[PDB]
Amino acid sequence: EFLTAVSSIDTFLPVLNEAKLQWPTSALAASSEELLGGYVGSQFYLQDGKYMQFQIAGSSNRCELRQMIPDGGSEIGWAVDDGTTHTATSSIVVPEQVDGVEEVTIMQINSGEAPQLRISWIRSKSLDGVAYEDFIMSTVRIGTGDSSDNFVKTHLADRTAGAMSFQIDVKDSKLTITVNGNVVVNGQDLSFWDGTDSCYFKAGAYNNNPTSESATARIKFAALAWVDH
Ligand SMILES: O=C(O)[C@H]1O[C@@H](O[C@H]2[C@H](O)[C@H](O)[C@H](O[C@H]3[C@H](O)[C@H](O)[C@H](O[C@H]4[C@H](O)[C@H](O)[C@H](O[C@H]5[C@H](O)[C@H](O)[C@H](O[C@H]6[C@H](O)[C@H](O)[C@H](O)O[C@@H]6C(=O)O)O[C@H]5C(=O)O)O[C@@H]4C(=O)O)O[C@@H]3C(=O)O)O[C@@H]2C(=O)O)[C@@H](O)[C@@H](O)[C@@H]1O
Ligand SMILES: O=C(O)[C@H]1O[C@@H](O[C@H]2[C@H](O)[C@H](O)[C@H](O[C@H]3[C@H](O)[C@H](O)[C@H](O[C@H]4[C@H](O)[C@H](O)[C@H](O)O[C@@H]4C(=O)O)O[C@@H]3C(=O)O)O[C@@H]2C(=O)O)[C@@H](O)[C@@H](O)[C@@H]1O
C-alpha cells in the first residue's frame with residue numbers, strides 16, 4: 001500500500017528541521033533536509049494520517065531521530081550545566097508490542113560518552129523489589145560504570161492504549177520528567193555530567209535486548225519537539 005511521508009503534514013516539521021534519522025543502526029538514514037523532503041519507508045512513515053511511526057527489528061537496532069542544529073546544521077551538543085533549559089516534548093502512543101520485543105527506548109538524552117537518560121517501554125521488570133509489567137520507565141545514569149549504583153530507574157506510568165504526553169526538562173544540572181502533566185522525576189541530579197558538552201535528545205524506537213531478532217518494535221508519535229527557550 002501507499003506509504004505517506006511524515007513531512008506531508010505540518011505537525012512534525014519543526015522537529016524534522018532539527019533532526020537526522022538513524023536507521024537501522026546509528027548510521028545516517030536521512031538528513032534533516034531529506035526528512036523535510038519526504039523521505040519515507042516502512043521504518044518511518046505517517047500512520048493513520050497523524051502518527052510519526054517508527055519500526056525496527058533486531059538487537060540494539062534503531063529507527064531514531066537525533067537532535068541536530070536547526071536549518072541544516074550538524075550534530076548538536078549541549079551541556080546540563082550550560083545555563084540553557086533544554087526541553088523535549090512528545091505525545092506517544094505505544095501499541096501492544098509483539099512477542100519477542102522486551103524493551104524499546106523511545107526518548108533519550110545521550111552524549112559522546114553514555115546515555116544520561118533513556119525513557120523506555122519495558123515488558124517486565126522488578127524495581128526496588130516490586131515487579132512491574134508493560135510500563136514506561138526512566139533510566140538515568142549518575143555514573144559511567146556498569147553496577148546498579150550507576151543508575152536511577154523509575155516506574156513512570158503503566159502503558160496506556162491512548163497517547164501519553166512527556167516533557168523532559170534539563171536546567172542547571174537537574175532533570176524533570178512530566179508524564180501526562182504530572183511530574184514523575186522531580187529535579188533529579190545530573191551534576192555528575194557537568195562539563196559534558198556533547199549531550200543531545202533522541203526519540204523514536206531503539207530496540208533493547210529482544211528475545212527474537214525478527215520481532216519488530218513499533219512506536220507512534222502524535223507530537224515531538226525539542227526546544228531551548
Ligand atoms: O539491560 C542491560 O543489560 C543494561 O543496559 C543499560 O542501558 C544500556 C542500553 O541497554 C543500551 O545498550 C544503551 O546503548 C547506548 C550506547 O551509548 C550505544 O553505544 C549507542 O550510542 C549511539 C548513539 O545513540 C548515537 O546513535 C551515536 O551516533 C554517533 C555515531 O558516531 C554515528 O556513527 C554517527 O556518526 C556521525 C557523526 O555524527 C559525525 O559527526 C558525522 O556526522 O559523521 C558520522 C557518520 O555519518 O557516520 O552519528 C553520531 C552521532 O549522531 O552522535 O552512535 C552511538 C553508537 O555507538 O551506536 O546507543 C545507545 C543509546 O542510544 O542510548 O546503553 C545503555 C547504557 O549503557 O546505559 C542499563 O539499562 C543497565 O541498567 C542495564 O543493566
Ligand atoms: O501488516 C501490515 O501489512 C502492515 O502493518 C503495519 O502495522 C499496522 C498494525 O499492524 C496495526 O494494524 C495498526 O493499527 C492501528 C490502527 O490502524 C489505528 O491507527 C489505531 O489507532 C489507535 C491509536 O493508536 C490510539 O491507541 C487511540 O487511543 O486509539 C486508536 C484506535 O483505536 O483506532 O492504532 C493501531 C495501532 O497502531 O496498533 O496499524 C499499523 C499501521 O502501520 O498501519 C506495519 O507493521 C507495516 O509495516 C505492515 O506492512
Side-chain angles (χ1 to χ4, degrees), residues 1-4 6 19-32 40-57 59-69 72-78 91-98 101-127 137-154 159-164 193 196-211 214-222:
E1 81 271 84
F2 185 91
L3 286 191
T4 300
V6 173
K20 65 177 173 175
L21 188 72
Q22 296 175 302
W23 167 87
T25 64
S26 295
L28 180 64
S31 66
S32 179
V40 62
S42 63
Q43 71 280 9
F44 181 76
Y45 67 84
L46 191 72
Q47 194 274 333
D48 202 28
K50 68 198 205 187
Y51 298 109
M52 175 171 61
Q53 183 177 265
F54 300 86
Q55 287 190 113
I56 186 65
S59 289
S60 297
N61 288 333
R62 66 192 75 227
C63 189
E64 271 190 305
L65 295 171
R66 190 288 200 214
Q67 188 185 7
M68 303 292 279
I69 294 166
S74 59
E75 284 79 5
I76 202 166
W78 45 261
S91 178
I92 306 178
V93 175
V94 182
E96 204 157 346
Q97 299 297 302
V98 304
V101 180
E102 305 304 332
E103 177 176 15
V104 185
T105 295
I106 64 185
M107 300 182 79
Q108 311 197 57
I109 302 165
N110 203 17
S111 67
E113 255 290 313
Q116 288 68 36
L117 169 65
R118 298 189 297 100
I119 298 184
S120 61
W121 169 83
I122 188 153
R123 186 175 294 278
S124 177
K125 175 108 180 56
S126 181
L127 295 176
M137 186 169 71
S138 57
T139 301
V140 172
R141 272 185 172 275
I142 58 169
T144 59
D146 298 331
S147 65
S148 59
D149 74 304
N150 293 276
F151 307 97
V152 182
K153 293 181 168 276
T154 308
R159 186 187 60 79
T160 58
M164 178 170 281
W193 296 107
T196 294
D197 295 326
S198 61
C199 299
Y200 55 93
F201 289 124
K202 312 192 86 190
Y206 169 38
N207 192 28
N208 314 123
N209 307 309
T211 54
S214 53
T216 302
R218 184 168 67 82
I219 304 292
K220 302 203 301 193
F221 283 72

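Ligands are counted one by one from 1 in listed order, and the atoms in each one are counted from 1 as well. In what follows, residues are counted from 1 in the order of the sequence shown.
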Distance (rounded to the nearest 0.5 Å) between [X] [atom1] and [Y] [atom2]:
{"X": "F201", "Y": "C199", "atom1": "CZ", "atom2": "SG", "value": "9.0 Å"}
{"X": "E96", "Y": "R159", "atom1": "CD", "atom2": "CZ", "value": "5.5 Å"}
{"X": "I122", "Y": "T105", "atom1": "CD1", "atom2": "OG1", "value": "8.5 Å"}
{"X": "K20", "Y": "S31", "atom1": "NZ", "atom2": "OG", "value": "10.5 Å"}
{"X": "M107", "Y": "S138", "atom1": "CE", "atom2": "OG", "value": "12.5 Å"}

Give me the residue, atom name and distance of the protein heavy atom closest to [atom].
{"atom": "atom 37 (C) of ligand 1", "value": "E75 OE2, 4.0 Å"}
{"atom": "atom 28 (O) of ligand 2", "value": "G162 CA, 3.5 Å"}
{"atom": "atom 63 (O) of ligand 1", "value": "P115 CG, 3.9 Å"}
{"atom": "atom 11 (C) of ligand 2", "value": "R218 NH2, 4.2 Å"}
{"atom": "atom 21 (O) of ligand 1", "value": "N110 ND2, 3.7 Å"}
{"atom": "atom 12 (O) of ligand 1", "value": "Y206 OH, 3.4 Å"}
{"atom": "atom 68 (C) of ligand 1", "value": "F151 CE2, 3.7 Å"}
{"atom": "atom 22 (C) of ligand 2", "value": "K220 NZ, 4.3 Å"}
{"atom": "atom 23 (C) of ligand 2", "value": "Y51 OH, 3.5 Å"}
{"atom": "atom 1 (O) of ligand 1", "value": "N209 ND2, 3.2 Å"}
{"atom": "atom 28 (O) of ligand 1", "value": "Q22 NE2, 3.4 Å"}
{"atom": "atom 46 (C) of ligand 2", "value": "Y45 OH, 3.5 Å"}
{"atom": "atom 3 (O) of ligand 2", "value": "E1 OE2, 4.7 Å"}
{"atom": "atom 26 (O) of ligand 2", "value": "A161 O, 2.7 Å"}
{"atom": "atom 32 (C) of ligand 1", "value": "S26 O, 3.7 Å"}

Do you see a protein non-hydrogen atom under 4.0 Å from [atom]?
{"atom": "atom 42 (O) of ligand 2", "answer": "yes"}
{"atom": "atom 1 (O) of ligand 2", "answer": "no"}
{"atom": "atom 5 (O) of ligand 2", "answer": "no"}
{"atom": "atom 31 (C) of ligand 2", "answer": "no"}
{"atom": "atom 39 (O) of ligand 2", "answer": "yes"}
{"atom": "atom 48 (C) of ligand 2", "answer": "no"}

I'd like to know whether ligand 1 has [X] as a neighbour, heavy-atom separation below 4.0 Å.
{"X": "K20", "value": "yes"}
{"X": "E103", "value": "no"}
{"X": "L28", "value": "no"}

Original post:
Less than 3.5 Å between some nitrogen or oxygen of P95 and one of ligand 2, yes or no?
Top reply: no

Subject >> Any N or O of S42 closer than 3.5 Å to N or O of ligand 2 >> reply: no

**OP:** Specify the closest pair of heavy atoms between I109 and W78, including all atoms of both residues, with the distance to one decimal.
**Re:** CG2-CH2, 3.8 Å

Subject >> Closest contact, heavy atoms only, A215 versus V98 >> reply: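 Shortest heavy-atom contact: CB-CG2, 4.1 Å.
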
Give the numbers and elements of all ligand 1 atoms closer than 4.0 Å to a heavy atom of [X].
{"X": "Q108", "value": "60 (C), 61 (O), 62 (O)"}
{"X": "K153", "value": "69 (O), 71 (O)"}
{"X": "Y200", "value": "23 (C), 24 (O), 25 (C), 27 (C), 52 (O)"}

**OP:** Could you tell me whether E103 and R118 make a salt bridge, using a distance below 4.0 angstrom between a side-chain N and a carboxylate O?
**Re:**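 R118 and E103: salt-bridged.
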
**OP:** Would you please say whether a donor-acceptor pair under 3.5 Å links the side chains of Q55 and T216?
**Re:**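 No, because no side-chain N or O of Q55 sits under 3.5 Å from a partner of the opposite role on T216.
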
Original post:
Mind checking whether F54 and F44 have ring centres under 6.0 Å apart?
Top reply: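 Aromatic pair counts; centres sit under 6.0 Å.
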
Original post:
Okay, side chain of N61, backbone of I56: is any donor-acceptor separation there less than 3.5 Å?
Top reply: no

Subject >> side chain to side chain contact (heavy atoms under 4.5 Å, CB included) between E75 and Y200, worked out >> reply: CA-CA 8 Å; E75 284 79 5; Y200 55 93; over 6 Å; no

**OP:** Of the side chain and backbone of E96, name the one, both, or neither that has a heavy atom under 4.0 Å from an atom of ligand 2.
**Re:**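 Within the 4.0 Å criterion, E96 makes no contact with ligand 2.
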
Subject >> Closest candidate by heavy atom, reference atom 15 (C) of ligand 2, pool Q55, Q47, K50 >> reply: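 When every heavy atom of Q55, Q47, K50 is considered, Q47 comes closest to atom 15 (C) of ligand 2.
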
